[PDB]
Each structure stands twice: as C-alpha cells, then as structure tokens.
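Input: a single structure, listed below in structure tokens.
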Amino acid sequence: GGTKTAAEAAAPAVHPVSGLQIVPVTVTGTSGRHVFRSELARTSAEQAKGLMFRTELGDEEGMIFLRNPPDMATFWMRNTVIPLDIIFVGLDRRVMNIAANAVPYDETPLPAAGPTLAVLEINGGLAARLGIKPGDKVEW
C-alpha cells in the first residue's frame with residue numbers, strides 16, 4: 001500500500017496555455033512509483049509541436065504523446081527551450097529507451113528503439129535523478 005499521491009488521484013484538467021487535456025501518468029519500477037501531471041498530445045500535429053516554446057515545466061509535470069498506430073517515433077529539439085528527458089514506451093507499456101538530457105534547439109534526431117505506443121517528456125536529467133529505467137511500466 002503506497003502513499004496516496006494527490007496528483008495521481010486528481011481528475012483530468014485542461015492546460016491554460018495549450019488547451020490540452022492534463023492526465024495523470026505513472027512510471028513504476030525498482031525505483032518506486034513516480035507521477036506526472038501530463039498534457040496529452042494525440043494528433044500528429046500536436047505531437048510535432050510537443051513542448052516547443054515552453055520556458056518552464058515542473059518536475060511534477062510532463063507531456064504524454066499517445067500514438068496510434070504505434071509507429072516508431074523520432075524526436076528533436078527544434079524550438080525547444082528547456083532540456084528534456086524523452087522516455088519512449090513500447091506496446092506493452094514498458095519503457096524501451098530514454099533520450100536523456102535532450103539539448104535545447106538541437107536538431108539531432110532522437111529515435112525510439114522501435115514501435116512507440118507512447119512518449120513521456122519530463123525535465124532534463126529527471127529520469128536519472130528518479131531512477132526511471134528501461135523496463136519500467138508506464139500507465140495512463
């Protein structure tokens with residue numbers, strides 16, 4: 001029985017900048033259970049915009065990219081001002097790979113390991129601080 005994280009239990013909301021739905025996303029593994037209130041990017045265009053232009057993001061926040069079909073994803077940091085960790089999630093809802101410390105404005109492609117069901121973006125360096133690793137279960 002874990003401590004009840006208020007962010008996990010709170011109803012979905014709407015982001016005041018993007019208008020996107022905010023939903024709770026959990027990441028669970030050996031390090032424990034982590035919770036991110038995440039903007040939900042679904043359309044191809046929503047996913048192409050990502051977190052471009054944003055100048056701040058809380059450690060408690062993220063953006064979740066939900067993909068159907070779950071085509072292999074490749075990301076970049078054009079117009080992205082803040083560093084991010086990009087967590088790629090496979091078809092079993094487990095983390096495949098992480099592009100850690102993706103660099104602001106960097107156009108270098110950041111590929112998923114394979115067919116990508118979801119992507120979770122959180123603040124740069126946070127995955128390692130938290131202990132999030134490939135194999136961890138991501139739920140939304």
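In the structure tokens, the first chain shown is A, the next is B, and so on; residue numbers restart at 1 for each chain, and ligands run from 1 in the order shown.
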Determine, using only C-alpha atoms, which residues of stretch 58-91 of chain A have any atom at most 6 Å from an atom of stretch 103-114 of chain A, and tabulate each with its shortest atom pair and distance in Å to one decimal place, rows ordered by chain and then rising number, as a tab-separated table.
```
residue	atom	partner	partner_atom	distance
A:72	CA	A:114	CA	5.0
A:73	CA	A:112	CA	5.4
A:74	CA	A:111	CA	4.2
A:75	CA	A:110	CA	4.9
A:76	CA	A:109	CA	5.3
A:77	CA	A:105	CA	4.9
A:78	CA	A:105	CA	4.6
A:79	CA	A:105	CA	5.5
A:80	CA	A:104	CA	5.3
A:81	CA	A:104	CA	5.0
A:82	CA	A:104	CA	5.7
A:83	CA	A:103	CA	5.3
A:88	CA	A:112	CA	5.9
```
Residues of chain A in strand (DSSP E or B) according to DSSP, as an MDAnalysis selection string? chainID A and resid 13:14 21:29 32:41 61:66 72:75 84:89 94:102 110:115 118:123 137:139
Just-selected residues, C-alpha atoms written as a CSV table (one decimal), in the first residue's frame:
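Contents of result07.csv, as written:
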```csv
chain,number,residue,atom,x,y,z
A,13,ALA,CA,-7.8,19.1,-16.1
A,14,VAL,CA,-7.1,21.4,-19.0
A,21,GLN,CA,-6.1,17.7,-21.5
A,22,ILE,CA,-3.9,17.1,-18.5
A,23,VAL,CA,-3.9,13.5,-17.2
A,24,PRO,CA,-2.0,11.6,-14.5
A,25,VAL,CA,0.8,9.4,-15.8
A,26,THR,CA,2.7,6.9,-13.6
A,27,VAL,CA,6.0,5.3,-14.1
A,28,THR,CA,6.7,2.3,-11.8
A,29,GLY,CA,9.7,0.1,-11.4
A,32,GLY,CA,9.3,3.1,-7.0
A,33,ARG,CA,6.3,4.9,-8.4
A,34,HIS,CA,6.5,8.4,-10.0
A,35,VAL,CA,3.6,10.6,-11.0
A,36,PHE,CA,3.5,13.3,-13.7
A,37,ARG,CA,0.5,15.6,-14.5
A,38,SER,CA,0.9,15.4,-18.3
A,39,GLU,CA,-0.5,17.3,-21.2
A,40,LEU,CA,-1.9,14.8,-23.7
A,41,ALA,CA,-0.7,15.3,-27.3
A,61,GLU,CA,4.6,17.8,-14.9
A,62,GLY,CA,5.2,16.3,-18.3
A,63,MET,CA,3.8,15.8,-21.7
A,64,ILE,CA,2.5,12.4,-22.8
A,65,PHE,CA,2.3,11.6,-26.6
A,66,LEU,CA,-0.2,8.8,-27.3
A,72,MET,CA,8.4,4.1,-34.3
A,73,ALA,CA,8.9,7.8,-33.2
A,74,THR,CA,11.8,10.1,-33.8
A,75,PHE,CA,12.0,13.4,-31.8
A,84,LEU,CA,14.1,17.3,-21.6
A,85,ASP,CA,14.3,13.6,-21.0
A,86,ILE,CA,12.3,11.7,-23.7
A,87,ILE,CA,11.0,8.4,-22.4
A,88,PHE,CA,9.9,6.1,-25.2
A,89,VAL,CA,7.2,3.5,-24.3
A,94,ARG,CA,7.2,-0.5,-20.7
A,95,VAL,CA,10.0,2.0,-21.3
A,96,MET,CA,12.2,0.9,-24.2
A,97,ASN,CA,14.8,3.6,-24.1
A,98,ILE,CA,15.3,7.2,-22.8
A,99,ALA,CA,16.9,10.1,-24.7
A,100,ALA,CA,18.3,11.7,-21.6
A,101,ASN,CA,19.3,15.4,-21.5
A,102,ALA,CA,18.0,16.2,-24.9
A,110,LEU,CA,16.3,11.2,-31.1
A,111,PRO,CA,14.9,7.8,-32.2
A,112,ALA,CA,12.8,5.3,-30.2
A,113,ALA,CA,14.1,1.8,-30.0
A,114,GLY,CA,11.1,0.6,-32.1
A,115,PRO,CA,7.3,0.8,-32.5
A,118,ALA,CA,3.6,6.5,-26.1
A,119,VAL,CA,6.3,9.0,-25.2
A,120,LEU,CA,6.6,10.8,-21.9
A,121,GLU,CA,8.7,14.0,-21.7
A,122,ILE,CA,9.9,15.3,-18.4
A,123,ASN,CA,12.6,17.8,-17.3
A,137,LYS,CA,5.8,0.3,-16.5
A,138,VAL,CA,4.1,3.5,-17.7
A,139,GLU,CA,0.4,3.9,-17.2
```
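Backbone DSSP over chain A gives alpha helix (DSSP H) for residues 6, 7, 8, 9, 44, 45, 46, 47, 48, 49, 126, 127, 128, 129 and 130 of chain A.
Here atom CA of residue A:70 stands at a distance of 8.3 Å from atom CA of residue A:90.
Of note, atom CA of residue A:93 and atom CA of residue A:54 are spaced 26.9 Å apart.
With only C-alpha atoms as the basis for measurement, A:124 is the residue among A:140, A:47, A:124, A:135 that approaches residue A:59 most closely.
Interatomic distance, atom CA of residue A:71 against atom CA of residue A:117: 7.4 Å.
Shortest atom-to-atom contact with residue A:69 among A:30, A:55, A:44, A:3: A:44, counting only C-alpha atoms.
Each of A:8, A:125, A:1, A:132 was compared to residue A:60 using only C-alpha atoms, and A:8 turns out to be the nearest.
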